[PDB]
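> First, the structure itself, so that you have it in front of you.
Residue numbers (PDB author numbering), protein chains in the order written: chain A, 24 to 178; chain B, 4 to 305; chain C, 4 to 305; chain D, 10 to 108, 113 to 128, 147 to 376; chain E, 192 to 376; chain F, 357 to 436, 455 to 472.
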């Protein structure tokens, strides 16, 4: 239940934003009048973080500056931001490899790709995951899916 | 030939004439020139003339009502299925006759239907109507003891005029402020009205400030009354507390433009609800409770 | 030691310093001649001065109230019962100190009363009070969301003056007549009234109409307001619908005339009850329901 | 003023904020308790030396708390009360340091005319007092409750959301010889389940329960005798913030009918700051909770609100743990709990 | 008092399964004896009767559901002059507390004449049955009225041989049997 | 205005029609301009007489100056290349750039 680390895929979905993302990192761009990273961080906190890790890549100096600026930086926070700095341009397999090389990997570790902000309480989900684990050794990873307005159209 | 010209003709005198009565007469005169036998060359033309009159209006309401009444009368006229001449003649006759009848009605109002101010009941009146003043004068004549109360009219200084018209009789009167209307409800008995038109819904089409007065009356439970020469039921429905066919803008929101100018545009026409008529003085006998509506139903056969 | 001259000097000045304040200052100066310690010579003289003021007064109680307040303050002063000179010095000081307090009060108002302004709410300021105007100006400066509205008031053309003043600012201005206020029921969002005196509990003296406005607000369930600074606390309560000291006669049915002599007579002054008002606006923290009465109780002990 | 001065002295501020935001804390009582605990923590740890400076610090903290959360009022109120408690003691200390004190009674003109140190224990005592005040509201009102409603008379009851109200109703019901009928309105998009629960409880309690659809209030108003608001917060001019949804209309109806409106709350729910508006205070719920769908639901902008405000007009009497106060009287009560400079931070 | 109203009451009572409670105000002067008679008649069939003081209405009106009057004179704007003793104040109270009012009436008992002033139509009554002996009458001034007028602001239904009618509508009913000519002669 | 959002430190002159929009950091909504279902990004500014339509995507430092008419679903380049309309003065209606 307790002691869970956060690992979030950042600086990954660049150029997917068809004109943007080249000079300043993907996540640093102002979302709803205020930076996107913060919402995600809040969500993570709600879920249950014990240490913050992001796989930053595209121009690290700015990321470092952001970290310095941020609230999780100084002692008061239960979790600090110390981003993983790796060689330039690599896919999610390569990112995983890099992470493995770095070393800090736990049992029930959390992996979120990109940036997300939603409402659903995560404690229950975590409990369910734990229960599933307790069932059999062969259980792997968790999927999150939600229902929509009957027919698909904007997809 | 023009009805407009006829209307212009009477200005300084009047006081004796009653709204549509003169208008009706004018219409009749207009009719009895261009062959009143036919119906295609006539009714349509009359309607067109009425429309023109409506278009030409500066600030007058009851003309339309008068026209409608005239139309109704005309409709009533041709049902005898005999000959075209006699009916035509009758139509021609019925204008001067109508005017004469108005005077009779006024007389009736002034002698029979004047037992609302008798026991020195102090009358709260605002809005200059001729019928009201006739009632006053004929009360003075009968000696039927009375006192008068009038709120000061100051959009165009009609108050002074009213005061002067009250000096002719020779009876003490007082000035009242329309903001200090809440200050005095103590000795003044009931609120009586001189207005512009009678509504389809039930309320009254009146001047500068009336709704507040009505509210005050309701609070005090001193019944609200209307004094009129009873044929001013204008074809207009005040569906809300602030929506009507109006001569000017409804509470005109002005911009800060020049120095001491765009403010004097006072909302000089206002309305109060249907649940206020305790009695209305009508010349067809004293009938009120839902009388206007009934009349309307009778007119439009629905 | 002369008060009539002082009165003559101040009538339409105001603006910079409040009318009442000047009077208070004068009173203080008078006090600081005959010594506050020698209570035999002093209190009688104060009483005489008050009498003189009353004699000079036509249609006001505010000055009287101020002097009573001053008296109360003086009475409070000597409760240290030790060294008699320090108290005297303090008394001497509190005159221009009162004037100074006004600025502070204004500043306080500009911080506490600026929380009220919401999304699209039309403001209508009644009567003449400097504090309310200042508040309005401060709101404009903040640029929340509003509309400043004026009236057709009738003492010695006050409403017009107010309108002109508003024009200076630039904010778009439209007017409401004393009669034509009846149409306002929900469109103008909140009903504000400036004060020229605050009595026991809800009792407020202004100009030529407040009670009616209050009644209207009650009918509409609208938020009604009393807006002021700090110098008007009175021990007063009326019996009837309205009761006050009057120079302009109530319901003076003017004598029989034909060439005009005297006519402008009626309820020039207006009071308001406890039930009609929802919010009280004073710099003294944030007090509303019946704090003034409590204050009075604390003061007088009579 | 955010967190910067706090080091190895106080950390729980963040936790408090979290509790406020995502709602792990539920019920005003719990919030109050939390606040008390926070205050205790502040007291047992922070450095004093000076008194005015300490007061300033406290004010700053209060301001910060306000900035963090508005919809919580009990928390604020408790703090204010504690400040007031501190203030009297401070005044007393000053009076000793200086060395006339009192003429006859508490008097005005104090704002115009010119008016080693121990306090920690007193502060602690104030907290205890506050706790005591909080303990039970119902055990202090139910003696002035089985006094108003009687035999063959009919009640109308909205808002079963406040825990006090239900208890009060139960107490009223207790008697065997007395018989009365109870009407309970729903308040759909925020209070239906609660209402249902209340109804069930009533049924269990051997009383004649009546289920009301929110529409059918008008066709039964001829028989209606009493109205009770299930409020959660209290204000300066007598006014109250309700425990969400479906009260205001009912209140209006009652007013129209001139049918008795009573208010049951508590003086810990009493706030020393005016409701300058309703917009800043009352919050909206979830627009998703009324109607499903999302992709064509951009067009369907739906409106739903939780909390409810009632004007200082439809309210009549406030029987508390102390006694029956009034809408035009509560200011003095507020003053008695929260002092002059303590209001403005 | 009247045999119409009494008969109506009897008819109502015949279907005794309907729960109706009878509150009778005594009516200060002449109505008392009549009230007593009515009560006796009720008792004859077996109908529950409760005696009401005229002073106490404010302490009862909030509990009372429906009101029935057996009036004698019916008028234009919806008002009535009833068979004596304290009605106006009661009506006012009802209006304040909002209470429905029924009336047993007849169109032949309905008058096409309009009452315009309170100063005339309200009939004052005898002080014979108020105070014995006439020496205190020198300085004191006894004000008393027997039969009273009702404003139309209160009553809402007129149950007749035809049916129930609206007060602000009864004029039409009247005119469906009477004229405008036969009023002032 | 109908259902549109305006960002941080964005300035408005006079007379502007807006329908169903989102606007980012420091974007001047110029005198006489229409924004429909289209985004304007950081430091990119709208001048006088610009008629935008549904889904006009704008990136970094797009200085929309004087007289332009852009059609639906048009994408504009960002970084200070692959897609039409560039960072320099006026977006492409009459050819301007390097």
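Every residue gets a Cβ at the ideal spot worked out from N, C-alpha and C, and that includes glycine.
Smallest Cα separation from residue 145(B): which of 247(B), 172(B), 271(B), 250(B)?
Here residue 145(B) refers to the residue found at position 142 of the second chain. Here the closest residue by C-alpha is 172(B).
> For residue 302(C), which option in 182(D), 330(D), 334(D), 121(D) has the closest C-alpha, if you only look at C-alpha atoms?
Locating residue 302(C) in the third chain gives position 299, counting from the first residue. Closest option to residue 302(C), Cα to Cα, is 121(D).
> Terminal residues of the continuous alpha helix (DSSP H) containing residue 200(C)?
Taking the first residue of the third chain as position 1, residue 200(C) is located at position 197. From DSSP, residue 200(C) is part of no alpha helix (DSSP H); its letter is neither H nor E.
> Can you tell me whether DSSP reads residue 199(E) as helix, strand or coil?
Along the fifth chain, one-based indexing puts residue 199(E) at 8. Three-state DSSP puts residue 199(E) in a helix.
> Quick one: which chain E residues come within Cβ less than 8 Å of residue 288(D)?
Working through the fourth chain from its first residue, we reach residue 288(D) at position 257. Those are 289, listed as they occur along chain E.
> Are residue 120(C) and residue 150(C) close, meaning C-beta to C-beta below 8 Å?
For the purposes of this step, residue 120(C) is taken as the residue at position 117 of the third chain. For the purposes of this step, residue 150(C) is taken as the residue at position 147 of the third chain. Contact flag unset, no.
> Provide the residue(s) that pair with residue 282(B) in DSSP beta bridges, ordered along the chain.
Walking along the second chain from the start, residue 282(B) turns up at place 279. DSSP, once it has assigned bridges, lists 228(B) as partnering residue 282(B).
> Rounded C-beta distance between residue 39(D) and residue 165(D)? I'm assuming under 8 Å.
Residue numbering aside, residue 39(D) sits at position 30 when the fourth chain is read from its first letter. Residue numbering aside, residue 165(D) sits at position 134 when the fourth chain is read from its first letter. So it is not a contact: roughly 11 Å between Cβ atoms.
> How many Å lie between residue 178(C) and residue 271(B) at the Cα?
Taking the third chain and counting its residues from 1, the one referred to as residue 178(C) is at position 175. Taking the second chain and counting its residues from 1, the one referred to as residue 271(B) is at position 268. Their Cα atoms are separated by approximately 12 Å.
> Within a Cβ cutoff of 7 Å, which residues of the same chain sit near residue 403(F), ignoring the five residues on either side of it in sequence?
Locating residue 403(F) in the sixth chain gives position 47, where the first residue counts as 1. Once the five neighbours on either side are set aside, the close Cβ partners of residue 403(F) are 386, 420, 421, 422.
> Could you work out which residue in 429(F), 424(F), 416(F), 467(F) is closest to residue 455(F) when comparing CA atoms only?
Translated into positions along the sixth chain, residue 455(F) becomes position 81. When only C-alpha atoms are compared, the closest one is 416(F).
> Any Cβ of chain I within less than 8 Å of the Cβ of residue 41(B)?
Absent from the structure: chain I. Protein chains present are A, B, C, D, E and F.
> Looking at the C-beta of residue 369(E), does it have a partner C-beta in chain B at a distance below 8 Å?
On the fifth chain, residue 369(E) is found 178 positions in, with the first residue counted as 1. Answer no: the Cβ-Cβ gap between residue 369(E) and chain B never drops below 8 Å.
> Among 180(D), 325(D), 96(D), which has the Cα closest to the Cα of residue 109(D)?
As shown, the structure holds no coordinates for residue 109(D); chain D passes over it, running from 108 to 113.
> Just to confirm my understanding: we take residue 305(D), look at its own chain, exclude 5 residues before and 5 after, and list those with CB closer than 6 Å. What are they?
Within the fourth chain, residue 305(D) is the residue found at index 274, counting from 1. Cβ within range, chain order: 267.
> Tell me which residue opens and which closes the alpha helix (DSSP H) that residue 236(E) is part of.
Locating residue 236(E) in the fifth chain gives position 45, where the first residue counts as 1. Its alpha helix (DSSP H) spans residues 222-236.
> Would you mind reading off the limits of the beta strand (DSSP E) that contains residue 274(B)?
Position 271 of the second chain holds residue 274(B). Note, residue 274(B): beta strand (DSSP E), 273-275.
> Go to residue 349(D), then tell me how far its beta strand (DSSP E) extends in each direction, as first and last residue.
Taking the fourth chain and counting its residues from 1, the one referred to as residue 349(D) is at position 318. Note, residue 349(D): beta strand (DSSP E), 348-350.
> Is residue 73(A) closer than 8 Å to residue 101(A) when the C-beta atoms are compared?
As a first step, residue 101(A) must be located in the first chain, where it is residue number 78. As a first step, residue 73(A) must be located in the first chain, where it is residue number 50. Cβ atoms of residue 101(A) and residue 73(A): closer than 8 Å.
> Just the Cα atoms here: how many angstroms apart are residue 218(D) and residue 245(D)?
The residue labelled residue 218(D) in the question sits at position 187 within the fourth chain. The residue labelled residue 245(D) in the question sits at position 214 within the fourth chain. The alpha-carbon atoms of residue 218(D) and residue 245(D) are separated by roughly 7 Å.
> Does any residue of chain C bring its CB to less than 8 Å from the CB of residue 298(B)?
Taking the second chain and counting its residues from 1, one reaches residue 298(B) at position 295. No, because no Cβ of chain C sits closer than 8 Å to the Cβ of residue 298(B).
> What does a CB cutoff of less than 7 Å around residue 302(E) pick up in its chain, not counting 5 residues either side in sequence?
Position 111 of the fifth chain, counted from the first residue, corresponds to residue 302(E). Correct list, in chain order: 264, 265, 266.
> How many angstroms separate the CA atom of residue 267(B) from the CA atom of residue 366(F)?
Against the second chain, residue 267(B) aligns to sequence position 264. Against the sixth chain, residue 366(F) aligns to sequence position 10. Answer to the nearest angstrom: the Cα atoms are 40 Å apart.
> Which of the three DSSP states, helix, strand or coil, is assigned to residue 260(B)?
Against the second chain, residue 260(B) aligns to sequence position 257. For residue 260(B), the secondary structure class from DSSP, reduced to helix, strand or coil, is coil.
> In three-state DSSP terms, what is residue 416(F)?
Along the sixth chain, read from residue 1 onward, the residue named residue 416(F) stands at position 60. In the structure shown, residue 416(F) sits in coil (DSSP, three-state: anything other than H, G, I, E or B).
> Please confirm whether residue 305(B) has its beta-carbon closer than 8 Å to some beta-carbon of chain E.
On the second chain, position 302 is the one that residue 305(B) refers to. Closer than 8 Å: no.
> Is there at least one Cβ from chain B nearer than 8 Å to residue 132(C)'s Cβ?
As a working mapping, residue 132(C) is identified with position 129 in the third chain. It does not; no Cβ of chain B falls within 8 Å.
> Answer yes or no: does any C-beta atom of chain D fall closer than 8 Å to that of residue 99(A)?
Looking up residue 99(A) in the first chain gives position 76. So yes, residue 99(A) belongs to the interface.
> Closest to residue 213(E) by C-alpha separation, out of 231(E), 285(E), 227(E), 241(E), would be which residue?
Taking the first residue of the fifth chain as 1, we reach residue 213(E) at position 22. Of the candidates 231(E), 285(E), 227(E), 241(E), the one whose C-alpha sits nearest the C-alpha of residue 213(E) is 241(E).
> Reducing DSSP to helix, strand and coil, say where residue 264(E) ends up.
For this step, residue 264(E) is matched to residue 73 along the fifth chain. Residue 264(E) falls in the strand class under three-state DSSP.
> Taking Cβ to Cβ, would you say residue 341(D) is nearer than 8 Å to residue 279(D)?
In the fourth chain, counting from the first residue as 1, residue 341(D) sits at position 310. In the fourth chain, counting from the first residue as 1, residue 279(D) sits at position 248. Result yes, Cβ atoms of residue 341(D) and residue 279(D) sit closer than 8 Å.
> Tell me the rounded alpha-carbon separation between residue 98(B) and residue 138(B).
As a first step, residue 98(B) is located in the second chain; it is residue number 95 there, counting from the start. As a first step, residue 138(B) is located in the second chain; it is residue number 135 there, counting from the start. Residue 98(B) and residue 138(B): Cα-Cα distance of roughly 25 Å.
> Please state if the CB of residue 9(B) and the CB of residue 59(B) are separated by a distance shorter than 8 Å.
The count along the second chain starts at 1 and reaches residue 59(B) at position 56. The count along the second chain starts at 1 and reaches residue 9(B) at position 6. Cβ atoms of residue 59(B) and residue 9(B): not closer than 8 Å.
> How would you call residue 14(D), buried or exposed, if buried means at least 16 neighbouring beta carbons within 10 angstroms?
In the fourth chain, counting from the first residue as 1, residue 14(D) sits at position 5. With fewer than 16 other Cβ atoms within 10 Å, it is exposed.
> Compare the Cα-Cα distances from residue 409(F) to each of 401(F), 399(F), 430(F) and report the closest residue.
If you number the sixth chain from 1, residue 409(F) lands on position 53. Checked all of 401(F), 399(F), 430(F); the closest Cα to residue 409(F) is 430(F).
> Going along the chain, which residues of the stretch 193-214 of chain B sit with their C-beta nearer than 7 Å to a C-beta in chain C?
211, 212, 213, 214
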